[PDB]
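Visitor: Pasting a structure below so you can have a look.
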Ligand SMILES: *Cc1cc2c(cc1C)nc1c(=O)[nH]c(=O)nc-1n2C[C@H](O)[C@H](O)[C@H](O)COP(=O)(O)OP(=O)(O)OC[C@H]1O[C@@H](n2cnc3c(N)ncnc32)[C@H](O)[C@@H]1O
Ligand code: SF4
Ligand code: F3S
Ligand code: FES
Ligand SMILES: [K+]
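Residue numbers (the numbering used here), protein chains in the order written: chain B, 2 to 605; chain E, 458 to 716.
In structure tokens, the structure reads:
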């Protein structure tokens, strides 16, 4: 269409649903909505196949039972323990009970899974997975496709979206949400990086399927595109974000590249050794030495380097020895790791150890959501109150299936399950044919003004310099082992970086593929989420899952079994404060098919 | 102190594209080319535009032309020398800005081959995974790893000349991947559609696609196999088969499709 707001060409679209994101969660949600007969659009900054979901390597967890006898209820118990009793058991049951179906559906659309001798899907061992509610042994639930299980899923979900004919707006950077005065999302306001035009997508139900904000740290396994844009949009809408202090460091990341070595490497026989040549992981998490929870392994590795038993000339990292394993298994089951090591590390997996170090990988926090993927705006009386027209899925969302620590091969499962759930939930709300949404009168006004103010920004500090400052502070003030003093120092520093965004300046003033402007808009999202992370972490005076305070080294179930909600006071990052409130965790499973897993010790 | 000449075009000025030379200290830069480009953007000229996500070679977004040969900047190594390292956009592509190509035709052509599993019977209720042997899964080994970087595409002299008629190496390999997938049941339909003079037989075996592939795949070998299979399996009734499938797609939305 054609309008002119503040001198910008504004096009108007009026769909029944809009999905921001074309990663795993977004591609699944879109295909589902279209399959339900609803008119839908799917906005993405990159071609859907270039999303970070493609970089996944391990696999997706399902109680298929192809390798050993299995029950979904056992998978559910493992997830509760792994979450350190911070995840909702309602959402965990829904995800685990659907994991078999979701994985088979993906195979039905052509996902090239690895196969067994009977023609079934091969499943590999992963950390934190057991049988018989912990009384059994290692559980092989991770349906993998070689070392390329992400590439497979994302390509297959794109194919499914093509089969259903999903309307895609590729290379469109979403800026904000078109919120109503009452408090309901009425769509999104995006820009095209290829034409330079602003588009006001108006939908009855919006699905935020962006990724995480892992690029807010100096060393991450995340993509440069992982800036947490949907979280910033929600925060600038005045809505809460949850559990942002729980940032997962993956135990093995190539040193110092920051690339990821699949946990499947250890799940197929890989051993971590130190300067003394010891498989030290037996001392911590003895029953599952290297296949312990990712948070335990990372803390063990950090303590070992700290104790002086680190490998390398600088004694700064740890060694992962896959050399002892058969060369055929390495070539067949870990085909991608070998090449990446040969390049970014110069290591021959079959003959040499790989240098590794704990690196930020995933973010358990995100938009608060219920088990139906409806975003929540909790109130003192209604902790389960939901934003009327908003839903979330993927790493961006926090249904708290993963709680304080995510079990490997459960995120890709959350992408498919909750993307599907989000499509089902909208179907019930919005009918296949409905009168068009009434975009509010001043829809985008503020967003256009801010975009123009940032476009014509001529201040002293550069976006890159400010980003490096933030990345440094997060890496140094929120490491694997956090202390309260540093957390306070950092909280002051991030607040300064917040008020420094008012001095950022860009040199390019065009609108077609202006990476300078896009990256400055992304830095706003990165700053707000990174700020809420430090504030929430300093406020949590306990040690649960990935959050490991040296000052407080013990879980506090009595006073800290709560979800942590952060709020940005004002829409402008340089004019806002991070307020913290809390909401209770859902402990009762949604049906009786699964029982409540009582809070307990997490030894691994 | 390496010198890096980089192609520069402003979509608004629409001034003739030019190569600008930058000087970078390799001591304070990462080994890969993409690190040099990021450093240039961060320090010297922030206007520089380029696509980059994964940093590990898997997304397929950093495809460029470095010193003549296509490649992914994140996996390409800086090679110091007196000679400036010339970085340009993908060959014979419309440049949206600086090093950002226009690959919309490549995306459309891929949608044409309909890369999703097709079966005559819908999965019966109570059915598990469709059976595929390890040997059958082995057939799809070197074809399912394509990251759509589009280097092989923009290295084929036949895609340079007839971009809008020739599907190109990457799309053709993906078509063979779905013609070779034992689970797919529309083998004849796919072969009939691909059996066109412009779509397939514009490949003259230059082998630039296999030489530049960043993932070490062999699109040239796949196209040769697909041509041999079609020649042996051709029947007079293939044209009718294509027509019947076209009728089946009558109610599809507006976009590239089987027809
Ligand atoms: C980083 C990572 C994650 C990962 C993994 C390995 C790595 C290196 N391996 C995994 C594994 O083995 N098993 C598993 O269970 N999970 C694994 N993960 C986790 C998972 O891959 C990530 O959490 C993933 O990011 C989740 O997928 P999701 O669909 O939620 O997000 P995405 O893939 O990052 O893509 C998000 C999309 O949103 C678009 N976007 C972003 N900002 C915007 C704006 N502003 N406007 C519009 N669209 C936007 C992105 O472009 C992308 O398409
Ligand atoms: S065949 Fe190779 S060069 Fe072509 S798109 Fe696939 S990975 Fe890229
Ligand atoms: S270079 Fe081109 S002509 Fe064929 S062999 Fe490769 S696709
Ligand atoms: S940045 Fe992803 S392929 Fe290079
Ligand atoms: K077939």
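All C-beta atoms, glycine included, are put in the ideal place defined by N, C-alpha and C.
Mind pulling the chain E residues with CB within less than 9 Å of residue 229 of chain B?
Guide: Position 228 of the first chain holds residue 229 of chain B. Correct list: empty, because the minimum Cβ distance to chain E is about 15 Å.
Visitor: Does the beta carbon of residue 260 of chain B sit closer than 8 Å to a beta carbon anywhere in chain E?
Guide: Position 259 of the first chain, counted from the start, is the residue given in the question as residue 260 of chain B. Cβ-Cβ to chain E under 8 Å: yes for residue 260 of chain B.
Visitor: Just to confirm, is the Cβ distance from residue 587 of chain E to residue 647 of chain E under 8 Å?
Guide: Residue mapping note: residue 587 of chain E aligns to position 130 of the second chain, counting from 1. Residue mapping note: residue 647 of chain E aligns to position 190 of the second chain, counting from 1. No, Cβ-Cβ distance for residue 587 of chain E and residue 647 of chain E is not below 8 Å.
Visitor: So what does DSSP say about residue 567 of chain E, is it helix, strand or coil?
Guide: In the second chain, counting from the first residue as 1, residue 567 of chain E sits at position 110. Reduced to three states, the DSSP call for residue 567 of chain E is helix.
Visitor: Taking Cβ-Cβ distances shorter than 7 Å, what residues in chain B pair up with residue 506 of chain E?
Guide: Translated into positions along the second chain, residue 506 of chain E becomes position 49. Result: 514, 516.
Visitor: Return helix, strand or coil for residue 594 of chain B, following the three-state DSSP convention.
Guide: Taking the first residue of the first chain as 1, we reach residue 594 of chain B at position 593. Residue state, collapsed to three classes: coil.
Visitor: Can you give the Cα-Cα distance for residue 530 of chain B and residue 186 of chain B, rounded to whole angstroms?
Guide: Against the first chain, residue 530 of chain B aligns to sequence position 529. Against the first chain, residue 186 of chain B aligns to sequence position 185. Their backbone Cα atoms lie some 21 Å apart in a straight line.
Visitor: With burial defined as no fewer than 16 other Cβ atoms inside 10 Å of the residue's Cβ, what is the status of residue 305 of chain B: buried or exposed?
Guide: Against the first chain, residue 305 of chain B aligns to sequence position 304. Its Cβ being crowded by 16 or more others within 10 Å, residue 305 of chain B is buried.
Visitor: Using DSSP bridges, identify the partner residues of residue 369 of chain B.
Guide: Here the question's residue 369 of chain B lines up with position 368 in the first chain. For residue 369 of chain B, which the question treats as bridged, DSSP gives the partners B:399.
Visitor: Measuring straight from C-alpha to C-alpha, what distance separates residue 716 of chain E and residue 45 of chain B?
Guide: For this step, residue 716 of chain E is matched to residue 259 along the second chain. For this step, residue 45 of chain B is matched to residue 44 along the first chain. Looking at the two C-alpha atoms, the distance is approximately 28 Å.
Visitor: Excluding sequence positions up to five away, which residues of its chain have a Cβ less than 7 Å from the Cβ of residue 303 of chain B?
Guide: Residue mapping note: residue 303 of chain B aligns to position 302 of the first chain, counting from 1. For residue 303 of chain B, where only same-chain residues beyond five positions count, the Cβ hits under 7 Å are 359, 481, 482.
Visitor: Terminal residues of the continuous beta strand (DSSP E) containing residue 199 of chain B?
Guide: On the first chain, residue 199 of chain B is found 198 positions in, with the first residue counted as 1. Per DSSP, residue 199 of chain B belongs to the beta strand (DSSP E) from 199-203.
Visitor: Using a Cβ-Cβ cutoff of less than 7 Å, which residues in the same chain neighbour residue 537 of chain E once the five nearest sequence positions on both sides are dropped?
Guide: In the second chain, residue 537 of chain E corresponds to position 80, counting from 1. Closer than 7 Å at the Cβ level, and outside the excluded window around residue 537 of chain E, lie 459, 483.
Visitor: Using a Cβ-Cβ cut-off of 7 Å (strictly less than) and excluding sequence neighbours within five positions of residue 621 of chain B, which residues of its own chain qualify?
Guide: Lying outside 2 to 605, the shown extent of chain B, residue 621 of chain B is not represented and no answer is given.
Visitor: Given this structure, state the Cα-to-Cα distance separating residue 687 of chain E from residue 637 of chain E, to the nearest angstrom.
Guide: Taking the first residue of the second chain as 1, we reach residue 687 of chain E at position 230. Taking the first residue of the second chain as 1, we reach residue 637 of chain E at position 180. Approximately 12 Å between the Cα atoms of the pair.
Visitor: Using a Cβ cut-off of 8 Å (strictly closer), state whether residue 508 of chain B contacts chain E.
Guide: Position 507 of the first chain holds residue 508 of chain B. With 8 Å as the cut-off, residue 508 of chain B counts as an interface residue toward chain E.
Visitor: State buried or exposed for residue 411 of chain B, treating a residue as buried only when at least 16 other CB atoms are found within 10 Å of its CB.
Guide: Reading the first chain from its first residue, position 410 is the one you call residue 411 of chain B. So residue 411 of chain B ends up on the buried side.
Visitor: Given residue 472 of chain B, which residues of its chain have a CB within under 7 Å of its CB, disregarding the five upstream and five downstream residues?
Guide: Position 471 of the first chain, counted from the first residue, corresponds to residue 472 of chain B. Only 217, 218, 219 meet the Cβ criterion.
Visitor: Could you spell out where the beta strand (DSSP E) holding residue 357 of chain B opens and where it closes?
Guide: In the first chain, counting from the first residue as 1, residue 357 of chain B sits at position 356. Looking at the DSSP string, the run of the beta strand (DSSP E) that includes residue 357 of chain B is 355-357.
Visitor: Can you round the beta-carbon distance between residue 566 of chain E and residue 624 of chain E to whole angstroms, since I take them to be within the 8 Å contact cut?
Guide: Locating residue 566 of chain E in the second chain gives position 109, counting from the first residue. Locating residue 624 of chain E in the second chain gives position 167, counting from the first residue. That belief holds up - the Cβ atoms of residue 566 of chain E and residue 624 of chain E are roughly 5 Å apart, short of 8 Å.
Visitor: Using a beta-carbon distance cut-off of less than 9 Å, what residues from the region 520-545 of chain E approach chain B?
Guide: The region 520-545 of chain E vs chain B, Cβ under 9 Å: 532, 534.
Visitor: Let me confirm a value: residue 708 of chain E is counted as buried when at least 16 other C-beta atoms fall within 10 Å, else exposed. Which label applies?
Guide: By 1-based counting over the second chain, the position of residue 708 of chain E is 251. Result: exposed.
Visitor: Hey, which unbroken runs of the alpha helix (DSSP H) at 4 residues or more fall wholly within the region 624-662 of chain E?
Guide: Listed in chain order, they are 626-636, 644-651.
Visitor: Between the beta-carbon of residue 229 of chain B and the beta-carbon of residue 527 of chain B, is there less than 8 Å?
Guide: Translated into positions along the first chain, residue 229 of chain B becomes position 228. Translated into positions along the first chain, residue 527 of chain B becomes position 526. Yes, Cβ-Cβ distance for residue 229 of chain B and residue 527 of chain B is below 8 Å.
Visitor: Taking Cβ-Cβ distances below 8 Å as the criterion, which residues of the region 108-125 of chain B are in contact with chain E?
Guide: Cβ contacts with chain E: 108, 109, 110, 111, 113, 114, 115, 116, 117, 118, 120, 121, 122.
Visitor: Considering just the uninterrupted stretch of the alpha helix (DSSP H) at residue 526 of chain B, what are its terminal residues?
Guide: Position 525 of the first chain holds residue 526 of chain B. It spans 516-540 - the alpha helix (DSSP H) in which residue 526 of chain B sits, taken as one unbroken run.
Visitor: Quick one: does residue 224 of chain B have its CB under 8 Å from some CB of chain E?
Guide: Locating residue 224 of chain B in the first chain gives position 223, where the first residue counts as 1. Yes, because at least one Cβ of chain E sits closer than 8 Å to the Cβ of residue 224 of chain B.
Visitor: Should residue 174 of chain B be counted as a contact of ligand 1 given a C-beta to heavy atom distance under 7 Å?
Guide: Position 173 of the first chain, counting from 1, holds the residue named residue 174 of chain B. Yes, the beta carbon of residue 174 of chain B sits closer than 7 Å to at least one heavy atom of ligand 1.
Visitor: Determine which residues of the region 603-634 of chain E have a Cβ less than 8 Å from any Cβ of chain B, and write them out in chain order.
Guide: Within the region 603-634 of chain E, the residues whose Cβ lies closer than 8 Å to some Cβ of chain B are 604, 605, listed in chain order.
Visitor: Straight-line CA distance for residue 372 of chain B to residue 557 of chain E?
Guide: Residue mapping note: residue 372 of chain B aligns to position 371 of the first chain, counting from 1. Residue mapping note: residue 557 of chain E aligns to position 100 of the second chain, counting from 1. Straight-line Cα distance between these residues: approximately 41 Å.
Visitor: So if DSSP puts residue 460 of chain E in a beta bridge, which residue, or which two residues, is it bridged to?
Guide: For the purposes of this step, residue 460 of chain E is taken as the residue at position 3 of the second chain. Note: residue 460 of chain E sits in a beta bridge opposite E:480.
Visitor: List the DSSP bridge partners of residue 13 of chain B.
Guide: As a position in the first chain, residue 13 of chain B is number 12, starting the count at 1. Paired residue(s): B:201.
Visitor: Check whether the Cβ atoms of residue 438 of chain B and residue 231 of chain B lie closer than 8 Å to each other.
Guide: The residue labelled residue 438 of chain B in the question sits at position 437 within the first chain. The residue labelled residue 231 of chain B in the question sits at position 230 within the first chain. No, the Cβ-Cβ distance between residue 438 of chain B and residue 231 of chain B is not below 8 Å.
Visitor: I want to check one thing, is the minimum distance from the CB of residue 426 of chain B to the heavy atoms of ligand 5 below 7 Å?
Guide: Taking the first chain and counting its residues from 1, the one referred to as residue 426 of chain B is at position 425. Because no heavy atom of ligand 5 lies under 7 Å away, the Cβ of residue 426 of chain B does not count as near it: no.
Visitor: Exposed or buried, what is residue 567 of chain B when buried is set at 16 or more other beta-carbons lying within 10 Å of its beta-carbon?
Guide: Counted from its first residue, the first chain places residue 567 of chain B at position 566. Flag for residue 567 of chain B reads buried.
Visitor: When you compare each of B:127, B:77, B:146, B:86 to residue 107 of chain B by their alpha carbons, which one comes out closest?
Guide: As a working note, residue 107 of chain B is residue 106 in the first chain. The candidate whose alpha carbon is nearest that of residue 107 of chain B is B:146.
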